[PDB]
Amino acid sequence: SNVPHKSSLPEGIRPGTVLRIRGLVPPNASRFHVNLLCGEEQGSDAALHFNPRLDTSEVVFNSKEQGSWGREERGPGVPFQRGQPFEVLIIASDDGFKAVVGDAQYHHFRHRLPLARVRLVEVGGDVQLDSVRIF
């Protein structure tokens, strides 16, 4: 069973915040996601949707605003593998979110929504989480 992991952020997140996600991509994984969302409602606007796609060998970044998706950005290749553990940082600055995978800077996603609207982090899909922490 895939069960979403939710972290409420009722005072939001400010520049200089680190979301640290550790887990395993299980053997039959298709894709999983890390979403920074504006509210608890299903289909909430998203400042960031980070979506490793093992099935298509891509990592997609997008936002959702006023109920519509933005233009996808892609990182280089896919630094995740079925059957292997990973660590991702998502780091908030004034300018955007930096994604770090393993020991490497991976992608910068410029803010599209104001960072102050973020209220929730949801991690789900085909992933077995070790831990999620927000600093």
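Note that residue numbering follows the sequence shown and begins at 1.
Enquirer: Out of 46-54 and 71-79, which stretch has the higher average CA B-factor listed in the record?
Expert: Comparing averages over the C-alpha atoms only gives 71-79.
Enquirer: Mean C-alpha B factor from the entry: is it higher for 30-38 or for 104-112?
Expert: Here the higher of the two C-alpha B-factor means belongs to 104-112.
Enquirer: Looking at the entry's B-factor column for C-alpha atoms only, identify whether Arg14 ranks in the lowest, middle or highest third of its chain.
Expert: CA B-factor rank for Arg14: highest third.
Enquirer: Going by what the PDB entry lists, where does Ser93 fall on CA B-factor within its chain: lowest, middle or highest third?
Expert: It falls in the top third of the chain.
Enquirer: Would you mind ranking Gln84 by its C-alpha B-factor against the rest of the chain and naming the third, lowest, middle or highest?
Expert: For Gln84, whose C-alpha B-factor we compare with every modelled residue in the chain, the answer is the middle third.
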